Structure formats: structure tokens, C-alpha cells
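Cβ placement follows ideal geometry from the backbone for every residue including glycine, while neighbour counts extend to all protein chains displayed. What is reported rests on the model, the rules as stated and the sources as named; these are not laboratory values.
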2 protein chains.
Amino acid sequence: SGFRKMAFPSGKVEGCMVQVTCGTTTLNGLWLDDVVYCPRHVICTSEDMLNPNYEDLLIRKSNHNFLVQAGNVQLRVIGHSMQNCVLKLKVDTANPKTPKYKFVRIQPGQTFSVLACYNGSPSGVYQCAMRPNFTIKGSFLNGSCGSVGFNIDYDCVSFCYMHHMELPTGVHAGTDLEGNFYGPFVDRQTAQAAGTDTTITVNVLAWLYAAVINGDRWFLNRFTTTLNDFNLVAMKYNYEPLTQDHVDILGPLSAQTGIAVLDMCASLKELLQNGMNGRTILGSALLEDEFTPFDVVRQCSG
Amino acid sequence: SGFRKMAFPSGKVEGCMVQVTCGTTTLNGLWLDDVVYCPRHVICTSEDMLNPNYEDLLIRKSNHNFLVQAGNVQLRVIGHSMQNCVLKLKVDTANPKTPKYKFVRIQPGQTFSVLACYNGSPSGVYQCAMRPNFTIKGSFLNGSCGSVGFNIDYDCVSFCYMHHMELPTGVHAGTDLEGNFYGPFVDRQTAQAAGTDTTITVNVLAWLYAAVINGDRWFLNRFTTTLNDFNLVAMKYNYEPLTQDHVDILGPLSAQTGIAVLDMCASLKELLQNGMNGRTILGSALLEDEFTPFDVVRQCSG
Ligand SMILES: *[C@](O)(C(=O)NC)[C@H](CCC(C)(F)F)NC(=O)[C@@H]1[C@H]2CCC[C@H]2CN1C(=O)[C@@H](NC(=O)OC)C(C)(C)C
Ligand SMILES: *[C@](O)(C(=O)NC)[C@H](CCC(C)(F)F)NC(=O)[C@@H]1[C@H]2CCC[C@H]2CN1C(=O)[C@@H](NC(=O)OC)C(C)(C)C
């Protein structure tokens, strides 16, 4: 029993973190096979950041302008190219610690683990979700650019996020491992703000199932609701629409607990309208939305 | 910016996890140098668990009764001994992935990362605290025994917890890596209950400093309090006493934010008496107590 915000073991990713320096900018890179992936803004100076033309800035660089360090050893850069907002540095050595990996671009609502790094050294691991407004609520300081987010599927590391920036509200923006930003953000130091965020409804329902699996049932009720009437209440509280596909994905949890999805929706509706009345669910006084249905099944079934 | 429940990168510990089987009981072991450490209850049967005499049960075992598997390879057991509630199995191979390590017995209020494992395979990592009642609020299923808790200090892994059991309230009990239980618990399937828990006051204050460092200041006030008057209010809310040593440990955070410890105590007193009035601190509607002052400095300073 128990339910924690649980990250994937980070070992397979720790064995891929390197330091990348270009001029006075040092950040992290991801070394897989003979390629090091990092944010392309590693080529910028403070003046360039305001409005950079990355194609020009990269044309002015050579392989020797990039210093890649894997622990105590230097990896010679033998080639370079830009793919969207990432820079790919071909190196002379294939990483012997390269795990089985994939690059995936996730959807909002999906969770992942972040391995926060500084100077190519892993510092900590935590669990995030891609918010509906395409930001992540991470914990990143200057030097963390190039830190990655990932999921582990059996023995395959699926990389889904690379860190690039912090928005004025303290939330974070970045790209997939092919350098495409999540959301409308751009890698330039200019006025950008996250849109209004919403609650990931399917994940709140998944976490209410986790609470039931763990013996927290106080919020359950005899009522059911229709998907339409639930969505009418959900919109009012800035919750994402619950779809029939979401109801289907919650099927296994619904069957394991004997509580139909629309029955759980009536509990969520009652919680949204009345609050918790001084009570907690899984040690939280707020409705948690950063566990997917898969995270709940994984953690509760091992 | 940002503040998350952050675990240490688990790689160094993942490289030490093995599976240990004795009869039909399979659990996890920790392989460091040529020794595998695991819960001694691996030698018990369901009938033995009610009231075992471990000295007898171990005398009846031989090295060949223990099956140690490190991934796909079998590690031959060449010796065995019991130290408190842990079993130490000497094996024919020294772990080539043995990090720089120490075994430490932590105090209540200290935090650590748990690498949850099943059949010698790491499943997830999360952050815990040793509660004042000597339990941990973990997330563990059957098969997780032998999973360890640790801190990483520079390049040294300090192991502090090995998982053994779950109490009726859903919280967890275990030992240090030398097999001494935290708290009054014993490794036998009999009536045991955790005592009433309290809030780790020094950690709540550390997290209020983390909130200020991250721009959350709504709870601050112009008042100060005395250590005695704060402790009089703290006892009323089941909070641990705040000591002068705690006030000293919070010194660096107090100096970085310009808010004296007793000034922050007046904020905590006001929060305990009035509540949050619909507001949150670092995304929480409860006062968090599972970040130590060191965790805050580490995460906020990188
Ligand atoms: C990152 O480049 C790094 O770690 N380099 C050593 C750095 C990470 C900062 C933080 C707080 F998120 F960890 N990112 C930046 O400084 C980025 C940089 C690349 C893309 C634009 C350029 C500015 N920038 C920012 O994060 C700025 N934010 C915005 O411009 O938001 C619209 C600030 C420096 C935070 C104002
Ligand atoms: C652990 O032995 C294991 O993973 N083995 C394969 C197991 C872990 C259970 C859990 C839920 F915490 F992950 N631990 C036990 O089953 C222990 C076992 C060793 C010490 C006593 C004996 C019973 N036990 C318990 O956890 C029981 N709890 C108590 O007896 O609490 C007083 C239950 C089986 C949970 C009732």
C-alpha cells in the first residue's frame, strides 16, 4: 500500500549525461550512440539571445568551438547540425552506456520523469506532467538546460523533453528530443507567457481510483452522472473535457475497484462543488492531476 | 525556479540491486563488494512468520539454500551470517558497479530517496522522511522487501533504510543497513501499530523558506515570536518542538531570504491558527514537512 509521486529509476539516463560548452555558455547534453543532443541556444551569447538567427550563428561555428565532456574525459566533436531547436554534435566515441531508446513527443496530460542536471552531472529526479498549456511545473536553475524528461517502458528509455527556459510565472518550457517546442514558445529571450492552465481531468479520476485502491473511500457516493453533465460541471472549474476515450482508458481501474467511471465522476463533481471539508485524499488537500491512469496501474500493481 | 519533491538520481543504487530467493520466498538484496544484504525474513515460511526464532531458522540453512540473481547471472553464495534483522550473504563475485558507500542510521525528520524494487529490478524512485513515529509513508507492494532508502553526498551513497513491512495504517517499517529497526517494530507477523505521528516543524519552516525563495510570500507577516511561545502553539497542533539547534540549522536559509527564524515561526503560528484561506504554498494546500533545510538549500542552489 501507499501512493507516492514516483519517478522512473534514472540510471539509464544518468549514463547519458554530458556537459557541452560553446564559448562561455555551458549546459547539458544527452549522449546516445555517437551523437550529443543539446539546446541549440548553447551557441548564443547574451546579446544574441534577444533575437537570434540560429542559421547564421551556427554557420559561424566549427566543431572545435564545442567542448563536450563526459565525466572526466573529453569527447571530440567531429560533426554538427541543427534539427529544429536542438543541436546534434557527432562525437568520436559511441556511448557504451547507451540504453535501448526512443524519442517521443508526448501529449498534454502525459507524465514523465525529469533528471535535473548541472554541468553534465545529475542532481535529482522528479515527476512532472505536460500541462494542458504546454508548460511543465519543474524545478530548474540556470545551468539545467539540456536536462531531459523521459519515461521507461520495460527496458526502453523514451525521451520526451529537453529543458530550455523558464516563463515569468515560474513554469518551464522546452522541446521534444527532435527540438520542437511544446506549446507556442520560442528559444529567444523575449516577452512570452504561458496561457491559462486547466486541470487534467482523466488524471484526477485516475488518482481517485488510486485513493480507493489504497483504502481512501470517504469521497465516494451512491450517485452516477452522465458524461455531458459531468463535462458541464468540469468546464466551470477549468477542468479539461473528459472524453469517451478517457472513460475507456480508465476501464481497467474501474473494474479493479468496482466503481464505474461515471460513478467516480459523480464523486469528482461533489468534490468540486463542496470541497473536502477538512479531509485529505492520499495525503493531499487538493485534487492531484499529475498521475496518469498508467501511472496508477504501474504503481499499484508493481 | 520551482520546488518539487526531488529524489537523488538512483543509478548508483540500481547497479546494486539483486534478487534473493530462499525456498518460495523471493525478495530484493543489496550487492556491495562481495556481500548481498537482505531482510533476514527471506528464510521464513508463512508459518514461521507468526513467531520465528531466527537463530534456529538460520542454523537450519546452508549456502546452497540461497539463490542470488544479479540480472541474468547467478551469484554463488559462499558464506552467510545474520546481523540484527539483516542477512549478509557472501558471494563469489564482487559487484563491479559498487559505488563509494556508507551505512548510516538516520534520525526522525531526515529525508531519503527510496528505490522501490521487485524481483531485483528497480521500479521507481521517490522521496520519503523518517517520521517522528519511526515509520515511513512509502509506496510498497509485496515483493518490495529489501528495497533500500539512501542519500547521495557528493559521490558517496549513504544507505539508511531497508524495507521490511507494512503496518495496519498503510505506513512502512524497516531497518537501517545493519538490520536495526527504526522504532519499536519487530520482524514478525504479529499485532504492531505505529504510535501517533507528529509534524516535523524544522522541515515545515525549511519549506516555508523554499516558498519565499520561489516567490511565494503571501503568508509572511510583520510579527516575530519567541521560541517558547512558538513551541507552546506548536505542541497544540501536534508539531515537534523546535530547538535552538533547528534555529541554527535554518541560519543560512534565514540569511538568504532576510527573514529571521523566529519571524518565520510567527508566520507558521498564524498559518496553524487561521489556515490558508483558500490559498496554496508551493502548490500545496497543506504544510509540507518532508523537506529538510539541506534539501531546500540543495534544490534551490543546485
Ligand atoms: C538555460 O539556457 C541554461 O541552463 N543555460 C546555462 C536556461 C535555464 C534557466 C532556468 C531558470 F530555466 F533554469 N534558460 C534560459 O536562460 C533561457 C534562454 C534560452 C531560450 C531563451 C533564453 C532566455 N531564457 C530564459 O529562461 C528566460 N525566460 C524567458 O525569456 O522567458 C520568456 C529567463 C532568463 C528566465 C528570463
Ligand atoms: C516483504 O517481506 C516482501 O516483499 N516479501 C516478498 C513484505 C512487504 C509487504 C509490503 C506491503 F510492505 F510491501 N513484508 C511482509 O510481508 C512482512 C513480513 C516480514 C516481517 C513480518 C512479516 C509480515 N509482514 C507484513 O508486512 C505484515 N504486517 C504486519 O505484520 O504488520 C504488523 C502484513 C503482511 C502487511 C500484514
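Hey, does the stretch A:283-294 have a residue that's within 14 Å of chain B (Cβ to nearest Cβ), out of contact with any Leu (no Cβ under 9 Å at 6 or more places or on another chain), assigned to a helix (DSSP H, G or I) and surrounded by 15 or more Cβ atoms within 10 Å (Cβ to Cβ)? There is at least one residue in the stretch A:283-294 that is within 14 Å of chain B (Cβ to nearest Cβ), out of contact with any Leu (no Cβ under 9 Å at 6 or more places or on another chain), assigned to a helix (DSSP H, G or I) and surrounded by 15 or more Cβ atoms within 10 Å (Cβ to Cβ). Taking the criterion of being surrounded by 19 or more Cβ atoms within 10 Å (Cβ to Cβ) and either over 26 Å from residue B:288 (Cα atoms) or more than 14 Å from chain A (Cβ to nearest Cβ) (or both), the residues of the stretch B:167-182 that qualify are B:175, B:176, B:177, B:179, B:182.
Is it the case that some residue within the stretch B:151-160 is facing chain A (nearest Cβ under 7 Å) and more than 20 Å from residue B:204 (Cα to Cα)? Checking the stretch B:151-160: not a single residue is facing chain A (nearest Cβ under 7 Å) and more than 20 Å from residue B:204 (Cα to Cα). Checking each residue in the stretch B:252-282 for being under 24 Å from residue B:5 (Cβ atoms) and either surrounded by fewer than 13 Cβ atoms within 10 Å (Cβ to Cβ) or outside the structural domain of residue B:218 (by CATH) (or both) picks out B:275, B:278, B:279.
Counting only residues that are part of a loop (DSSP other than H, G, I, E, B) and within 14 Å of the chain's Cα centre (by Cα), the stretch A:146-160 holds 2 of them. Every condition in (1) within 16 Å of residue B:86 (Cα to Cα); (2) within 14 Å of chain A (Cβ to nearest Cβ) is met by residue B:29 except one, and the failing one is (2). Report whether or not residue B:146 is at the interface with another protein chain (Cβ under 10 Å from one of its Cβ atoms) and closer than 22 Å to residue B:190 by Cα. So residue B:146 fails the test.
Yes/no matrix, rows are residues, columns are (1) among the acidic types (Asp, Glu); (2) within 13 Å of ligand 1 (Cβ to nearest atom); (3) not assigned by CATH to the domain that holds residue A:64:
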{"site": "A:91", "(1), (2), (3)": "no, no, no"}
{"site": "A:115", "(1), (2), (3)": "no, no, yes"}
{"site": "A:131", "(1), (2), (3)": "no, no, yes"}
{"site": "A:138", "(1), (2), (3)": "no, yes, yes"}
{"site": "A:158", "(1), (2), (3)": "no, no, yes"}
{"site": "A:171", "(1), (2), (3)": "no, yes, yes"}
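Selection of helices (runs of 4 or more DSSP H) fully inside the stretch A:198-269 by the criterion of at least 1 residues being farther than 18 Å from residue A:287 by Cβ returns A:227-236, A:244-249, A:251-257.
Of the residues screened, residue A:48 is not one that is more than 16 Å from ligand 1 (Cβ to nearest atom) and acidic (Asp, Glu).
Using the structure shown, decide if residue B:211 is crowded, with 18+ Cβ neighbours inside 10 Å and within 14 Å of chain A (Cβ to nearest Cβ). So residue B:211 fits the description; yes. Under 8 Å between Cβ atoms, at least 6 apart or on separate chains: pull out the pairs that start in the stretch B:185-198 with a residue that is touching a residue at least 60 places away in the same chain (Cβ under 8 Å) and end on any residue that is within 6 Å of ligand 2 (Cβ to nearest atom) and of a type in the set (A, V, I, L, M, F, W, C). Pairs found: B:187/B:165; B:188/B:49; B:189/B:49; B:194/B:167. In this structure, does residue B:43 turn out to be without any contact (Cβ under 8 Å) to a residue 60 or more places away in the chain and surrounded by 15 or more Cβ atoms within 10 Å (Cβ to Cβ)? Yes.
Here residue B:74 meets the list (1) of a type outside the set (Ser, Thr, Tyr); (2) over 28 Å from residue A:122 (Cα atoms); (3) touching a residue at least 24 places away in the same chain (Cβ under 8 Å) almost entirely, failing just condition (3). Selection of the stretch A:7-36 for residues being among the hydrophobic types (A, V, I, L, M, F, W, C) and either surrounded by fewer than 24 Cβ atoms within 10 Å (Cβ to Cβ) or within 16 Å of ligand 1 (Cβ to nearest atom) (or both) yields A:17, A:18, A:20, A:22, A:27, A:30, A:32, A:35, A:36. Counted as qualifying within the stretch B:16-102 are the strands (runs of 3 or more DSSP E) with 2 or more residues that are under 27 Å from the mean Cα position of the chain (by Cα) and under 25 Å from residue B:152 (Cα atoms), namely B:17-22, B:25-32, B:35-39, B:86-91.
In summary, residue B:4 fulfils each of the numbered conditions (1) in contact with a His (Cβ under 9 Å, 6 or more places away or on another chain); (2) within 14 Å of chain A (Cβ to nearest Cβ); (3) of a type in the set (D, E, K, R) with the single exception of condition (1). Of the residues examined, residue A:67 is not one that is away from ligand 1 (no atom under 16 Å from the Cβ), touching a residue at least 40 places away in the same chain (Cβ under 8 Å), under 21 Å from residue A:122 (Cβ atoms) and more than 14 Å from chain B (Cβ to nearest Cβ).
For the stretch B:96-111, which positions are within 14 Å of another protein chain (Cβ to nearest Cβ) and touching a residue at least 60 places away in the same chain (Cβ under 8 Å)? Once the filter is applied, which keeps residues that are within 14 Å of another protein chain (Cβ to nearest Cβ) and touching a residue at least 60 places away in the same chain (Cβ under 8 Å), the stretch B:96-111 yields B:97, B:99, B:111.
The conditions of being of a type in the set (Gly, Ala, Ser), under 30 Å from residue B:117 (Cβ atoms), more than 9 Å from every other protein chain (Cβ to nearest Cβ) and touching a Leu at 6+ places or on another chain (Cβ under 8 Å) are not met by residue A:79. The requirement of being buried (at least 23 other Cβ atoms within 10 Å of the Cβ), assigned to a loop (DSSP other than H, G, I, E, B) and facing chain B (nearest Cβ under 9 Å) is fulfilled somewhere in the stretch A:125-139, by at least one residue. Please go through the stretch B:161-181 and pick out each residue that is assigned to a strand (DSSP E or B), over 16 Å from residue B:17 (Cβ atoms) and of a type in the set (A, V, I, L, M, F, W, C). Scanning the stretch B:161-181 gives B:165, B:173, B:181. Just one residue in the set A:201, A:226, A:190 is farther than 22 Å from residue A:130 by Cα, away from chain B (no Cβ under 14 Å) and within 28 Å of the chain's Cα centre (by Cα); that residue is A:190.
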